[PDB]
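Chains as they are written, first to last, in UniProt numbering: chain G, 138 to 273; chain X, 2 to 49; chain C, 2 to 49; chain Z, 393 to 728.
Note that the Cβ used here is the ideal one computed from N, Cα and C, for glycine as well.
What follows is a short report on a single structure.
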Amino acid sequence: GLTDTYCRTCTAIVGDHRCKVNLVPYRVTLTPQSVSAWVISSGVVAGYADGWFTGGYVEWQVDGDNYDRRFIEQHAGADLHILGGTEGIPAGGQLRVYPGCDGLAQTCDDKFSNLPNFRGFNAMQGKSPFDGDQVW
Amino acid sequence: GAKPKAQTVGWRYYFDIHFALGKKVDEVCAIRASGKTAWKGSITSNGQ
Amino acid sequence: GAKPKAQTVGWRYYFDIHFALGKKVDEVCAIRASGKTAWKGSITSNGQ
Amino acid sequence: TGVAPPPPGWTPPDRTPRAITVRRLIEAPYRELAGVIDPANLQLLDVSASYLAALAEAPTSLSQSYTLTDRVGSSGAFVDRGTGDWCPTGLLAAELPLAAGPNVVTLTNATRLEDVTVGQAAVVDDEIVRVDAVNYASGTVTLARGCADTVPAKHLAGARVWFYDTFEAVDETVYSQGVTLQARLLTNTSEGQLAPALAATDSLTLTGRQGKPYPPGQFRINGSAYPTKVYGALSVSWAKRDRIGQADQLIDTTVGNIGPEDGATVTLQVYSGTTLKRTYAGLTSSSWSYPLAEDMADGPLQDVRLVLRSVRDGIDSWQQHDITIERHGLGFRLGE
Ligand SMILES: [Fe+3]
Numbered sequence: 138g139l140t141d142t143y144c145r146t147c148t149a150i151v152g153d154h155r156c157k158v159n160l161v162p163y164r165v166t167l168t169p170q171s172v173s174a175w176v177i178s179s180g181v182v183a184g185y186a187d188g189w190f191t192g193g194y195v196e197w198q199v200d201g202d203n204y205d206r207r208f209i210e211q212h213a214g215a216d217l218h219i220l221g222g223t224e225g226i227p228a229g230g231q232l233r234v235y236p237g238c239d240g241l242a243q244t245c246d247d248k249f250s251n252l253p254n255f256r257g258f259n260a261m262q263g264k265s266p267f268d269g270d271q272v273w
Numbered sequence: 002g003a004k005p006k007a008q009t010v011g012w013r014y015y016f017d018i019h020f021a022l023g024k025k026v027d028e029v030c031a032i033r034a035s036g037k038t039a040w041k042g043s044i045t046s047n048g049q
Numbered sequence: 002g003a004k005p006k007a008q009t010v011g012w013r014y015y016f017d018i019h020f021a022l023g024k025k026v027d028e029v030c031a032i033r034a035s036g037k038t039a040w041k042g043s044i045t046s047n048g049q
Numbered sequence: 393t394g395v396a397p398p399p400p401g402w403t404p405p406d407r408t409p410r411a412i413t414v415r416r417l418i419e420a421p422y423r424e425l426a427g428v429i430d431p432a433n434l435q436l437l438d439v440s441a442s443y444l445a446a447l448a449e450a451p452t453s454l455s456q457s458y459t460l461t462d463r464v465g466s467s468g469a470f471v472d473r474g475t476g477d478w479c480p481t482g483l484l485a486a487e488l489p490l491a492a493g494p495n496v497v498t499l500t501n502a503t504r505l506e507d508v509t510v511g512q513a514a515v516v517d518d519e520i521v522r523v524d525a526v527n528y529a530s531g532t533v534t535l536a537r538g539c540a541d542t543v544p545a546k547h548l549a550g551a552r553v554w555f556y557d558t559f560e561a562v563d564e565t566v567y568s569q570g571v572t573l574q575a576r577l578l579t580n581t582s583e584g585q586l587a588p589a590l591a592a593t594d595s596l597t598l599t600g601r602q603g604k605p606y607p608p609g610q611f612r613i614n615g616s617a618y619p620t621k622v623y624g625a626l627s628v629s630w631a632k633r634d635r636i637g638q639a640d641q642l643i644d645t646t647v648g649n650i651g652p653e654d655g656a657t658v659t660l661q662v663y664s665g666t667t668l669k670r671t672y673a674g675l676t677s678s679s680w681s682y683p684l685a686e687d688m689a690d691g692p693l694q695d696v697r698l699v700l701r702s703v704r705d706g707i708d709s710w711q712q713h714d715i716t717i718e719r720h721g722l723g724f725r726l727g728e
């Protein structure tokens, strides 16, 4: 139950109750062009910069009001890499894809402008104690 | 010759440190250093 | 009377210490003490 | 992978001593020697004795003090003379007019303003002044003009003010007048000392500042200080200052006579704007009037230059008064 570390990165999953970032505007609905064993390719995402979707997840409706979610290893051009393979993904079903946050403060503010809620500690201190040996 | 106009017997060191006490806290009561009570009181809102 | 010819403000201490860093080592890069880089470089053979 | 590691490490302090950018050299007046040298040794000091002092500003907050290095002439090896603390200083936001008595001036880019204390001796350009009041927040201080062995002078905006009192580096060695020195200031930090190769150099010419007698004090003309308007009869009043009696006390021009000095007199030069016409020496009174005999010979002098100084045994004061005044009255300026 620690769930706390004094590191540079955000230490928060994009969209959690701590980031307070609304992903609904960033939702993208698309029909995949081609599905392979490990790669799902679509031309619509080809218009975004490389790594835009890295760290995001893909959710689609299985039955009723329940959706199955899959994380994305990497995004490059028109090809998306799916962790654990693409098995179970419908070839023509409607898919919802959300972006992913790298966690860097520059990434957090330039893309999402959520710097005030940034949970990371970029440049407060790395080691400096007040009971060391020589300050200089 | 004679006693200097002034003598540098020691230096005063100033440092500006930023630190965190953990997760959200309600009230800070006192600060103790080297067994001497430096400050005692109570603050419940962001301030100086 | 007057300012002494010289004043002993401090002493300089010299020590000769022999120590081992463990088993065989390939290269020693730098030495850091009290947060200050005393020496940086690289040596791969027995020498001064 | 997607995540990237950001820089944060330890952010080591950047001590890396720098050379001093703001500094100055001065000659110690009799005021400090009186209060720092015992009478037995002081009385044996000849009139030609001179002492050297230096002032500097901290380039970074990580520097505690600096080392003083100097040598005689342009050749030889520097000999360490000691270390000194940083001298508080500031910049004048507005010009300081020529006027005796307290004057309110605002300072910009002030450093170590908190440590300043009232009654200290402050030197700007070539004038020594005394602080009367201080405002920490706004950096506004009141300065007494024309104190010790100095006289008021025009100081344009941007002049540097030094509060050298108790903040000066002094070389105890005694140097005779006329010798030129080369000295450098080396910064000191916990990481070590600045390498001399990077230290700025400067030169100063000694002038026996302590030896020369103080100039006259209260300089009032016809009851007015530095007037451009006088109605006819010319009356000039001056004060007699004795350096030995004053000792370490700062006395401005507004104070009355403090007695003369043994063998010290007053000399006045009368000019016609560019040319020297009359010269009165050996003056011992506190006032002088232009004799009627020379009024017709020189005729009307609408533009009159008044030069005042003190001389003893042919030793003229380092500074002097000089102003060109305009006369009005009957026979003077009836073109209007
Ligand atoms: Fe974030």
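Beta-carbon gap between residue i and residue j smaller than 7 Å
| i | j | result |
| --- | --- | --- |
| Z/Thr558 | Z/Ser455 | no |
| Z/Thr645 | Z/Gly538 | yes |
| Z/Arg601 | Z/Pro421 | yes |
| G/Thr191 | Z/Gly394 | yes |
| Z/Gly482 | Z/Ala513 | no |
| Z/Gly665 | Z/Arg701 | no |
| Z/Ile520 | Z/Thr542 | yes |
| Z/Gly603 | Z/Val439 | yes |
| Z/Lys632 | Z/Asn649 | yes |
| G/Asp216 | C/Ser35 | no |
| Z/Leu447 | Z/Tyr623 | no |
| Z/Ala673 | Z/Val562 | no |
| G/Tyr163 | G/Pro236 | yes |
| residue 747 of chain Z | Z/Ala591 | In the structure displayed, chain Z extends from 393 to 728; residue 747 of chain Z sits before or after that span and is not available. |
| Z/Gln711 | Z/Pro607 | yes |
| residue 288 of chain G | G/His154 | This structure cannot settle anything about residue 288 of chain G, because the visible part of chain G is limited to 138 through 273. |
| G/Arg233 | G/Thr166 | yes |
| Z/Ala551 | Z/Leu484 | yes |
| Z/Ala639 | Z/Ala432 | no |
| Z/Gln694 | Z/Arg670 | no |
| Z/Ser453 | Z/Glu419 | no |
| G/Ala242 | G/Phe255 | yes |
| X/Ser46 | X/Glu28 | no |
| Z/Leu548 | Z/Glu449 | no |
| G/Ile219 | G/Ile177 | yes |
| Z/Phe470 | Z/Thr461 | yes |
| G/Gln170 | G/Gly180 | yes |
Proximal chain Z residues relative to residue i, where beta-carbon distance stays under 9 Å
| i | result |
| --- | --- |
| G/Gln211 | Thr393, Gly394 |
| G/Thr146 | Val395, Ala396, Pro397, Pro398 |
Chain X contact residues for residue i, given Cβ-Cβ distances below 9 Å
| i | result |
| --- | --- |
| G/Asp141 | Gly23, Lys24 |
Contacts of residue i in chain X (Cβ-Cβ under 7 Å)
| i | result |
| --- | --- |
| Z/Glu564 | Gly2 |
| Z/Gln456 | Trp12 |
Contact set between residue i and chain Z, taken where Cβ atoms lie within less than 8 Å
| i | result |
| --- | --- |
| G/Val272 | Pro405, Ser582 |
| X/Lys6 | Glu424, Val428, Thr558, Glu560, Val562 |
Within chain G, partners of residue i - CB distance below 9 Å
| i | result |
| --- | --- |
| X/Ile18 | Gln262, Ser265, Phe267 |
Contact list for residue i against chain G, beta-carbon separation under 7 Å
| i | result |
| --- | --- |
| C/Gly36 | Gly269, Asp270, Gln271 |
Interface partners of residue i on chain Z, CB under 7 Å
| i | result |
| --- | --- |
| X/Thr45 | Result: empty, since nearest Cβ-Cβ is about 29 Å, beyond 7 Å. |
Output the residue ranges of the alpha helix (DSSP H) runs that lie fully inside the region 419 to 464 of chain Z and measure 4 residues or longer, sorted by chain position. 422 to 428, 431 to 435, all fully within the region 419 to 464 of chain Z.
Residues of the UniProt domain "Bacteriophage phiJL001 Gp84 C-terminal" (188 to 264) of chain G in Cβ contact with chain X at a cutoff of 7 Å, in chain order, please. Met261, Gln262
Name all residues in chain order for which at least one heavy atom of ligand 1 lies closer than 5 Å to the residue's CB. G/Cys147, G/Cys156, G/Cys238, G/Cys245
Using Cβ-Cβ distances below 8 Å, what residues of the region 414 to 431 of chain Z are close to chain X? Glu424, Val428, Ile429, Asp430
At a Cβ cut of 9 Å, what residues of the region 154 to 175 of chain G count as close to chain Z, listed as they run along the chain? Taking 9 Å as the Cβ-Cβ cut-off against chain Z, none of the residues of the region 154 to 175 of chain G qualify.
Can you list, in chain order, the stretches of the alpha helix (DSSP H) that have 4 or more residues and sit fully within the region 186 to 251 of chain G? 242 to 249
Can you list the beta strand (DSSP E) stretches of 3 or more residues lying completely in the region 683 to 715 of chain Z, in chain order? 695 to 704
Just by C-beta distance, which residues in the region 470 to 484 of chain Z are closer than 9 Å to chain X? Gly474, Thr475, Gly476, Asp477
As an exercise, report each continuous beta strand (DSSP E) stretch of at least 3 residues that is fully enclosed by the region 634 to 683 of chain Z, in chain order. 657 to 663, 668 to 675, 679 to 681
I'd like the ranges of any beta strand (DSSP E) spanning at least 3 consecutive residues and lying wholly in the region 584 to 614 of chain Z. 594 to 597
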